[PDB]
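Residue numbers (the entry's author numbering), protein chains in the order written: chain B, 1 to 227, 238 to 307; chain A, 0 to 307; chain C, 1 to 307.
Even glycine gets a Cβ: it sits at the ideal position worked out from N, Cα and C.
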Amino acid sequence: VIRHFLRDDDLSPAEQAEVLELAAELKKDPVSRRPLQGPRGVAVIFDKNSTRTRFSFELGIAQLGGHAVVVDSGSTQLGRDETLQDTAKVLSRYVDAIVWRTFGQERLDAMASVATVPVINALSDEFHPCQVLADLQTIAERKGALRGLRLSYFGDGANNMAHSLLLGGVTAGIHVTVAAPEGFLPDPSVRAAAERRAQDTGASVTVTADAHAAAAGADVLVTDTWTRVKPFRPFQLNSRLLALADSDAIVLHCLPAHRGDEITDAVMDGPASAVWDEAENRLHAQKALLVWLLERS
Amino acid sequence: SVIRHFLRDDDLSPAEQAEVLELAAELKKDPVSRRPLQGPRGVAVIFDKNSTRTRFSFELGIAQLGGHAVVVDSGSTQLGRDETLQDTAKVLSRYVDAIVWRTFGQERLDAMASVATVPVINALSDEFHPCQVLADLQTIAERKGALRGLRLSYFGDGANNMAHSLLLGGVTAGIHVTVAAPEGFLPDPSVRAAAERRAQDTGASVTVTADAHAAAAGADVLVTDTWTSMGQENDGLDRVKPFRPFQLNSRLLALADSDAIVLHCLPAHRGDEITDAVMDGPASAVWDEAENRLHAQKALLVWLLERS
Amino acid sequence: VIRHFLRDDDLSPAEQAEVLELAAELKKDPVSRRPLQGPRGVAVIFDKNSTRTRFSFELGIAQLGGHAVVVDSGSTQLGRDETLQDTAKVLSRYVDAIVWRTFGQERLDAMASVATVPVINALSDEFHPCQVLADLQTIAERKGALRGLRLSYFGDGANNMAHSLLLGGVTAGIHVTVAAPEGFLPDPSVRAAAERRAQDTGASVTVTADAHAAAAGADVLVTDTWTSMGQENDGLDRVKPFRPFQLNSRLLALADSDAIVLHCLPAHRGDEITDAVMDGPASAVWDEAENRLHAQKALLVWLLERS
Ligand SMILES: Oc1cccc2ccccc12
Ligand SMILES: Oc1cccc2ccccc12
Ligand SMILES: Oc1cccc2ccccc12
Ligand SMILES: Oc1cccc2ccccc12
Ligand SMILES: Oc1cccc2ccccc12
Ligand SMILES: Oc1cccc2ccccc12
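Put into structure tokens, the structure is as follows:
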């Protein structure tokens, strides 16, 4: 009966809509929801540090009335001195949710199968579903309804943002295109899962090496750091590519950006950019996710 | 008032320990009902060697008392190196309402407590682990009722911090404590003598034996712990062969009273000092025991702050 | 207009007086001001860790109702995987103020020029203005009115405390003397800025190698460690030049009979200051360390209200 969020498709289309509505409500009234008043605890655990992820979760948990107990790298990695299952059993006595940044999906699934509190994938090798919640919140702010929009992601199509934009995007009814060079394409099982979910929402999945075609008529253009660099240079999100999009298109980028590589100063700082609101919305979207999971768990 | 500290289990009298354990039960029921640190007031939580489990328990506990834990971990300069211990104690006493400290030798705790003008708590040290034993006693009371006259046997390294604190804290509660350990691994004589003296006041007793089977027979509570701390991994000894007869396994548990429970300061090394079958069976109380660090430490802080 | 506090003279004499008054009020009533109720966040960022700085800000922010998000030097250094300007713009969405311990003053300037929330220098290579606020709070507690007092600093005359005592001291109307060996004198730009500020307040600036003359008649004697961690490999003998400038009992006896002694902790007993001075009745170092809490909270309250 305990709900987890390890990958974007763990929410149904209707559930994702609820979380995104909650994110908009919490952005307007950031201390109106206090499910963790007490304070109650939430564990925020990093096998590898991610300062931006820790910052967003730590403040968000505090604004829900709770106390984040943060476990950094440098500390004993989880599972090193104790079985994962033993640690999960005790954690479930101390905190009301477990937020975890680890690498393989195997470890996340193992924790979710045993823990009796919700487990959230803060960021992993395969998915980055909290950032895509924030992306979807950002798109809804700038454009309104998500269903039927065209979103193109450019660059490394095998990384966690590509996978999550596929799954999270089609869950929202967005037609998702991944524009990537050969050998950096989506994981085939992720692509299949997105194609299947798209059948329910009227969305679609496209994977192409043609950056021009992916930009043409796009409503949302996304990229992410590339880490040779040489296969990705034709996919740089520059002014020439942006000029092909639909009017009022917006540009997203999980920060940090490497200006001059995957994205140019002119695109980052121009009027289509929504990267600053997008970064802020990690706070609101993650708070919404926690509120929603806690209420069901 | 005199400033009260908690550096070893017998720093509380039997009556005082009963007061803390009663408060721990009350706080488990109503975890935000005591707010002596509302403000927030600060509490320093200092680690000469990091302990994530100890940190979770104190950080959350202090917050649930209304306070803010300021954590200093081993990445900072170790206390006493860039600044004298006495200088640090003086300034800490201006910033925080209590000092929680995980360190090594007991003389450091003593030095801090002699000069600090706020309560000092031993979070975990080489010689004692008195906060875990408060949680242990809370767990035993939950599972079995009155502590006085129970029989508790600890198995393994009889000179580690858990053996010492189970001796002192157990006999303070009126529990007859047995330590089952191989030769060369017996409790420190000064601790053993202190436990024997305290046991006279409570009607308890202290027993030290190498006969694991005899220690298990008739026991109400069986306890073990890892055989080797991190600081002993390079001590030169074979720290497996001596301890194998003291493993807390199903055969040993079956010698005890039919209603006996099992305790273990986590983490456990399954297959060494304890088996899966015992950890995961119905006698195991190790999960509640770990949770109860939260409640017992909150009770200790509330009690020390009120008396100081 | 967003106000920053990157160096001591970012506050006018009148503004400094307002902050120090607020520090005294907060010391009396430490949880009466809640501008960060929510909690709202405050970023506390360390390019090089300082446990005492982090300890005092983290608790102070909590007592203002906020939540300090501490970024240690274990994170990628600010400006390396992202431009400083980009990080500033996102931080302004997350927190109501940015407290930063960094190295060169140009980095602080760069952050303040683009951030839309107040930026505070927690401690830097050139200045330590938050500690000097705590010092002025401490002097006021022990001595009363600050105007006209005579303060002498001894030791490395070009470190952050020397610079901030010059700027913060003359802002308060204090006659500041820096006693230091040749080669270790205040930055010329800082000395000139202090000299100009002193003309507004009736204060004065003196730099001398004559430690005995600097101590004579002084109301406050200050010293600091002779070497920061970053100077340990600079090639200099950083002991022998400073020995004549040791704050010892002989030097203290030259000052006014009611003089007090300050030292940013930690101190190295036996080097820049002696046990007899640290532990005697003139020492104010313990109150001084505590007042980091109150003075920093006051600065935050004041900057948040004005910005
Ligand atoms: O990563 C860890 C190592 C050891 C103990 C832990 C307890 C809770 C959460 C994380 C832990
Ligand atoms: O074993 C553990 C795992 C995670 C958290 C803990 C807290 C206290 C005591 C033990 C713990
Ligand atoms: O261990 C330490 C090193 C440096 C500063 C400290 C301040 C408080 C408590 C502990 C400290
Ligand atoms: O010296 C110290 C020891 C412990 C805590 C401190 C906090 C602020 C300033 C100095 C401190
Ligand atoms: O230093 C940093 C590295 C990466 C991310 C950061 C976010 C906020 C403040 C500082 C940061
Ligand atoms: O890029 C950043 C700089 C500072 C803070 C951040 C927090 C969340 C996401 C991104 C951030």
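- Distance from the C-beta of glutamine 85 of chain C to the nearest heavy atom of ligand 5 is not below 8 Å.
- Residue pairing for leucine 123 of chain A: DSSP places it in a beta bridge opposite A:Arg101.
- According to DSSP, residue pairing for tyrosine 153 of chain A in a beta bridge involves A:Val178 and A:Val222.
- Residue contact with chain C for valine 42 of chain B: absent (no Cβ-Cβ distance below 9 Å to any residue of chain C).
- Within the same chain, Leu136, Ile139, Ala140, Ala172, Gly173 and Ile174 come within 7 Å of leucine 146 of chain A by CB-CB distance, once the 5 residues on both sides are set aside.
- For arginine 107 of chain A, the shortest C-beta to heavy atom distance toward ligand 4 is 8 Å or greater.
- Among the CB atoms of chain A, none fall inside 9 Å of the CB of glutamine 296 of chain C.
- Burial is judged here by how many other beta carbons sit within 10 angstroms of a residue's own beta carbon; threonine 177 of chain C has at least 16 and is buried.
- Judged by DSSP in its simplified three-state form, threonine 83 of chain B adopts coil rather than helix or strand.
- Going by beta carbons, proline 118 of chain A and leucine 300 of chain A fall inside the 9 Å limit.
- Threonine 51 of chain B carries a helical assignment under DSSP once its states are collapsed to helix, strand and coil.
- Rounded to the nearest whole angstrom, the CA to CA distance from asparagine 160 of chain B to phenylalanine 127 of chain A is 47 Å.
- In terms of side-chain proximity, the C-beta atom of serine 56 of chain C is found nearer than 8 Å to a non-hydrogen atom of ligand 4.
- Chain-ordered, the chain B residues with CB closer than 7 Å to the CB of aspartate 81 of chain C read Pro266.
- Pairing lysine 27 of chain C with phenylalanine 46 of chain C, the inter-Cα distance amounts to about 26 Å.
- For the region 278 to 293 of chain A, the set of residues with a beta-carbon nearer than 7 Å to any beta-carbon of chain B comprises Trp286, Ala289, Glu290 and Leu293, in chain order.
- Boundaries of the alpha helix (DSSP H) around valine 301 of chain B: 285 to 305.
- Across the structure, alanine 88 of chain C and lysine 143 of chain B are spaced so that their CA atoms are roughly 26 Å apart.
- Buried is the label assigned to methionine 278 of chain B, since at least 16 other Cβ atoms lie within 10 Å of its Cβ.
- Neighbours of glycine 60 of chain A across chain C, judged by C-beta separation under 7 Å, do not exist; the nearest C-beta is about 16 Å away.
- At a C-beta separation below 8 Å, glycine 74 of chain B has these neighbours in chain C: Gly74.
- At the C-beta level, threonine 53 of chain C and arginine 93 of chain C stay beyond 9 Å of one another.
- Take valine 114 of chain A, set aside five residues on each side of it, and the residues of its chain with a beta-carbon closer than 6 Å to its own are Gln85 and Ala88, in chain order.
- In chain order, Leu26, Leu64 and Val301 place their CB closer than 7 Å to the CB of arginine 33 of chain C, counting only its own chain and leaving out the 5 sequence neighbours on each side.
- Within 8 Å of the CB of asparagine 160 of chain B, no CB atom of chain C is found; the nearest one sits about 17 Å away.
- Going by beta carbons, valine 222 of chain B and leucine 166 of chain B fall outside the 9 Å limit.
- Cβ neighbours of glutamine 131 of chain C within its own chain (closer than 6 Å, five residues either side excluded): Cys264.
- Listed along chain B is no residue with a C-beta nearer than 8 Å to that of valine 239 of chain A; the closest approach is about 17 Å.
- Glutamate 18 of chain C has its alpha-carbon roughly 10 Å from the corresponding atom of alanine 24 of chain C.
- In the three-state scheme derived from DSSP, where H, G and I count as helix and E and B as strand, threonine 76 of chain C is classed as coil.
- Counting only residues whose CB is nearer than 5 Å to a non-hydrogen atom of ligand 1, the list in chain order is B:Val71, B:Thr76, B:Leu78 and A:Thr51.
- Within chain A, the residues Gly38 and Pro39 have their CB atoms less than 7 Å from the CB of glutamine 63 of chain C, given in chain order.
- Cβ contact annotation for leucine 262 of chain A (same chain, cutoff 7 Å, sequence separation greater than five): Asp135, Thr138, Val220, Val222, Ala284, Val285 and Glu288, in chain order.
- In summary, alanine 180 of chain C is buried, with 16 or more beta-carbon neighbours lying within 10 Å of its beta-carbon over all protein chains present.
- Look at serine 164 of chain C here: in three-state DSSP terms it is helix.
- Residue contact with chain B for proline 30 of chain A: present (Cβ-Cβ distance below 9 Å to some residue of chain B).
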